[PDB]
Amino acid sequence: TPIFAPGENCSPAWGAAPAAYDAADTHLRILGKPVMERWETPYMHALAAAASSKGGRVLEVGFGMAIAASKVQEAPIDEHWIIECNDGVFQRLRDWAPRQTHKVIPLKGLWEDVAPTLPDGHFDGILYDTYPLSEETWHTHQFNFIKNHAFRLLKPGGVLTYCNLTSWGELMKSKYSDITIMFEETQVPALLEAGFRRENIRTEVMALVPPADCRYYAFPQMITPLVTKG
(Lines of atoms letter the chains of each structure in order from A and count residues from 1; the text may use other names and numbers.)
(Lines give C-alpha, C1' and ligand atoms only; values in the text may rest on other atoms or scores of the structure.)
Protein backbone atom coordinates (compact mmCIF):
# COMPACT_ATOMS: atom_id res chain seq x y z
CA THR A 1 0.00 0.00 0.00
CA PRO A 2 1.43 3.48 -0.85
CA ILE A 3 2.09 5.96 2.03
CA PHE A 4 -0.25 8.38 0.17
CA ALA A 5 -3.42 7.43 -1.77
CA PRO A 6 -4.32 9.34 -5.03
CA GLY A 7 -5.75 12.79 -4.17
CA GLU A 8 -4.91 12.44 -0.46
CA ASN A 9 -4.40 15.74 1.38
CA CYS A 10 -3.43 15.62 5.09
CA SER A 11 -2.37 19.32 5.54
CA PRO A 12 -5.57 20.68 7.35
CA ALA A 13 -5.58 17.63 9.69
CA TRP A 14 -1.83 17.56 10.60
CA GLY A 15 -2.04 20.15 13.41
CA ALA A 16 -4.76 18.35 15.46
CA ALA A 17 -3.66 14.74 14.57
CA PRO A 18 -2.42 12.73 17.61
CA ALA A 19 1.37 12.20 17.60
CA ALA A 20 2.17 8.51 18.18
CA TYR A 21 5.62 8.03 19.77
CA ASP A 22 6.16 4.33 20.59
CA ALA A 23 7.23 3.26 24.13
CA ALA A 24 10.70 2.17 22.84
CA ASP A 25 11.10 5.77 21.46
CA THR A 26 12.35 4.54 18.04
CA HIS A 27 9.51 5.83 15.84
CA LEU A 28 7.03 8.67 15.37
CA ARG A 29 3.79 8.09 13.43
CA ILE A 30 1.17 10.74 12.59
CA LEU A 31 -2.06 9.73 10.74
CA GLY A 32 -0.52 6.21 10.36
CA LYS A 33 2.40 7.63 8.32
CA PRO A 34 6.04 6.67 9.24
CA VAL A 35 7.19 10.26 9.93
CA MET A 36 10.49 9.65 11.80
CA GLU A 37 12.62 6.62 12.82
CA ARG A 38 15.71 6.49 15.08
CA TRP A 39 17.80 4.46 12.47
CA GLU A 40 18.17 7.85 10.66
CA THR A 41 20.30 9.26 13.58
CA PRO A 42 23.78 9.36 11.78
CA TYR A 43 22.11 11.14 8.81
CA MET A 44 20.18 13.59 11.07
CA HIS A 45 23.61 14.37 12.65
CA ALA A 46 25.08 15.14 9.14
CA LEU A 47 22.16 17.60 8.39
CA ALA A 48 22.51 19.18 11.87
CA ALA A 49 26.31 19.70 11.32
CA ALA A 50 25.60 21.32 7.89
CA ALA A 51 22.86 23.73 9.18
CA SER A 52 24.94 24.69 12.26
CA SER A 53 28.30 24.96 10.33
CA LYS A 54 28.14 28.84 10.25
CA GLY A 55 27.06 29.17 13.93
CA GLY A 56 24.78 32.13 14.68
CA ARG A 57 20.99 31.84 14.07
CA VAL A 58 19.77 28.42 12.88
CA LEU A 59 16.21 27.82 11.61
CA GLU A 60 14.95 24.23 11.88
CA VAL A 61 11.67 23.26 10.15
CA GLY A 62 10.12 20.11 11.68
CA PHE A 63 11.01 18.96 15.22
CA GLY A 64 10.10 15.23 15.04
CA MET A 65 12.09 13.13 17.56
CA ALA A 66 14.54 16.03 18.43
CA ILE A 67 17.46 14.01 16.89
CA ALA A 68 18.75 16.76 14.48
CA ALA A 69 17.76 19.46 17.05
CA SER A 70 19.90 17.91 19.86
CA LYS A 71 22.89 17.74 17.48
CA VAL A 72 22.35 21.43 16.38
CA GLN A 73 22.51 22.32 20.15
CA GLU A 74 26.03 20.73 20.39
CA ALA A 75 27.43 23.39 17.96
CA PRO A 76 28.46 26.97 19.07
CA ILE A 77 25.22 28.64 17.83
CA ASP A 78 23.46 31.81 19.18
CA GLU A 79 19.74 31.07 18.50
CA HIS A 80 17.78 27.95 17.50
CA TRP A 81 14.43 28.81 15.83
CA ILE A 82 12.12 25.76 15.46
CA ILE A 83 8.87 25.59 13.44
CA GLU A 84 6.51 22.67 14.16
CA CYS A 85 2.93 22.09 12.91
CA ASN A 86 1.66 19.09 14.95
CA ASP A 87 0.29 20.06 18.46
CA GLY A 88 1.55 16.76 19.97
CA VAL A 89 5.11 17.23 18.61
CA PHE A 90 4.98 20.96 19.61
CA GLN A 91 4.28 19.93 23.25
CA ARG A 92 7.45 17.72 23.12
CA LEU A 93 9.35 20.82 21.72
CA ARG A 94 7.90 22.96 24.55
CA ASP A 95 9.24 20.46 27.21
CA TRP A 96 12.66 20.09 25.43
CA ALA A 97 13.42 23.83 24.84
CA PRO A 98 14.02 25.02 28.52
CA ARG A 99 16.90 22.58 29.24
CA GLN A 100 18.83 23.60 26.07
CA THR A 101 22.20 25.42 26.19
CA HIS A 102 21.41 27.79 23.27
CA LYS A 103 18.19 29.89 23.21
CA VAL A 104 15.32 28.05 21.51
CA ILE A 105 12.60 30.08 19.68
CA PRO A 106 9.58 27.68 19.29
CA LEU A 107 6.82 28.54 16.79
CA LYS A 108 3.64 26.51 16.24
CA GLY A 109 2.12 25.96 12.80
CA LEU A 110 2.61 24.91 9.18
CA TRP A 111 5.78 26.53 7.76
CA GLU A 112 3.36 27.71 4.97
CA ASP A 113 1.73 29.98 7.64
CA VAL A 114 4.72 30.65 9.97
CA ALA A 115 7.65 31.23 7.49
CA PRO A 116 6.00 34.47 5.97
CA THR A 117 6.26 36.03 9.50
CA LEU A 118 10.05 35.41 9.76
CA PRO A 119 12.56 38.26 9.00
CA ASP A 120 14.51 38.41 5.67
CA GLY A 121 18.29 37.66 5.72
CA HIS A 122 18.24 36.72 9.41
CA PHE A 123 19.52 33.11 9.43
CA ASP A 124 23.05 31.71 9.17
CA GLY A 125 21.68 28.21 8.62
CA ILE A 126 18.44 26.42 7.69
CA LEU A 127 17.53 22.73 8.27
CA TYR A 128 14.33 21.72 6.39
CA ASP A 129 13.04 18.24 7.33
CA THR A 130 9.28 18.07 7.46
CA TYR A 131 7.05 15.44 5.79
CA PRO A 132 4.92 15.60 2.56
CA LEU A 133 1.36 16.68 3.43
CA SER A 134 -0.25 15.59 0.12
CA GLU A 135 0.22 12.90 -2.51
CA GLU A 136 1.08 15.47 -5.26
CA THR A 137 3.75 17.21 -3.12
CA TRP A 138 5.49 13.83 -2.39
CA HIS A 139 8.65 14.76 -4.44
CA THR A 140 8.28 18.57 -4.33
CA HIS A 141 7.11 19.96 -0.90
CA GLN A 142 10.71 21.09 -0.08
CA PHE A 143 10.88 23.18 -3.33
CA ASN A 144 7.88 25.30 -2.25
CA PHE A 145 9.73 26.16 0.98
CA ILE A 146 13.18 26.61 -0.71
CA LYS A 147 11.80 28.93 -3.48
CA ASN A 148 9.47 31.06 -1.32
CA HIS A 149 11.49 31.23 1.92
CA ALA A 150 15.00 29.62 2.16
CA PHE A 151 16.60 32.16 -0.25
CA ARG A 152 15.06 35.32 1.34
CA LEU A 153 15.59 34.05 4.95
CA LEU A 154 19.32 33.28 4.61
CA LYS A 155 22.02 35.84 5.33
CA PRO A 156 24.63 36.21 2.48
CA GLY A 157 26.91 33.17 2.88
CA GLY A 158 24.19 31.32 4.85
CA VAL A 159 23.78 27.54 4.42
CA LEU A 160 20.59 25.58 3.59
CA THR A 161 20.37 21.79 4.16
CA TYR A 162 17.27 19.61 3.70
CA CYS A 163 16.05 16.12 2.96
CA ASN A 164 13.02 14.29 1.61
CA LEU A 165 13.56 10.58 2.33
CA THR A 166 10.08 9.45 1.05
CA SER A 167 11.00 10.92 -2.35
CA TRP A 168 14.64 9.93 -2.46
CA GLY A 169 13.99 6.36 -1.18
CA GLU A 170 11.56 5.79 -4.08
CA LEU A 171 13.77 7.45 -6.72
CA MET A 172 16.73 5.21 -5.58
CA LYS A 173 14.58 2.02 -5.96
CA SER A 174 14.11 2.20 -9.76
CA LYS A 175 14.98 5.50 -11.52
CA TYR A 176 18.53 5.90 -10.08
CA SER A 177 21.47 3.76 -8.89
CA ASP A 178 23.78 6.78 -8.26
CA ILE A 179 22.62 9.15 -5.47
CA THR A 180 24.63 12.18 -6.81
CA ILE A 181 22.97 11.70 -10.31
CA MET A 182 19.51 11.51 -8.61
CA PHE A 183 20.33 14.82 -6.82
CA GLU A 184 21.69 16.52 -9.97
CA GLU A 185 18.66 15.60 -12.11
CA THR A 186 15.77 16.00 -9.61
CA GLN A 187 16.98 18.65 -7.08
CA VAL A 188 19.53 21.04 -8.72
CA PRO A 189 17.05 22.68 -11.26
CA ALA A 190 14.60 23.74 -8.48
CA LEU A 191 17.50 25.08 -6.32
CA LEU A 192 18.78 27.13 -9.35
CA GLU A 193 15.19 28.44 -9.89
CA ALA A 194 15.13 29.41 -6.16
CA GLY A 195 18.12 31.76 -6.73
CA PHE A 196 21.09 29.57 -5.70
CA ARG A 197 24.12 29.29 -8.02
CA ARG A 198 25.47 25.89 -9.14
CA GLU A 199 29.02 26.67 -7.78
CA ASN A 200 27.39 27.19 -4.35
CA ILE A 201 25.73 23.75 -4.26
CA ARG A 202 27.70 20.79 -2.84
CA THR A 203 26.72 17.40 -1.50
CA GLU A 204 28.10 15.05 1.14
CA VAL A 205 27.47 11.33 0.67
CA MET A 206 27.65 9.01 3.72
CA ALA A 207 27.38 5.24 4.14
CA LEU A 208 24.24 4.17 6.08
CA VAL A 209 22.40 0.88 5.55
CA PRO A 210 18.65 1.22 6.50
CA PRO A 211 16.77 -1.69 8.21
CA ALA A 212 15.73 -4.56 5.83
CA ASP A 213 12.03 -3.99 6.75
CA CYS A 214 12.18 -0.21 5.95
CA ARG A 215 9.59 0.27 3.16
CA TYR A 216 10.36 3.95 2.33
CA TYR A 217 14.22 3.80 2.02
CA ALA A 218 16.51 0.92 0.87
CA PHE A 219 19.57 2.70 -0.63
CA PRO A 220 22.83 2.10 1.38
CA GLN A 221 23.86 5.79 1.16
CA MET A 222 22.46 9.14 2.29
CA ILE A 223 23.07 12.51 0.62
CA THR A 224 23.47 15.77 2.60
CA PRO A 225 22.99 18.94 0.52
CA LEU A 226 24.90 22.14 1.40
CA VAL A 227 23.29 25.02 -0.48
CA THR A 228 25.05 28.35 0.17
CA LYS A 229 23.51 31.78 -0.52
CA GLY A 230 25.74 34.06 -2.66
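Numbering starts at 1 and follows the sequence shown.
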| query | finding |
| --- | --- |
| Comparing 152 to 160 with 104 to 112, the one whose average Cα B-factor in the PDB entry is higher | 152 to 160 |
| Of 201 to 209 and 66 to 74, the one with larger mean CA B-factor | 201 to 209 |
| Identity of residue with top Cα B-factor, from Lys175, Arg29, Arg38, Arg57 | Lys175 |
| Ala46 CA temperature factor, ranked by third within the chain | lowest |
| CA B-factor ranking of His80, expressed as a third of its chain | lowest |
| Chain-wide C-alpha B factor ranking for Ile181, given as lowest, middle or highest third | highest |
| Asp120 by Cα B-factor - lowest, middle or highest third of the modelled chain | middle |
| Chain-relative CA temperature factor third for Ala97 | highest |
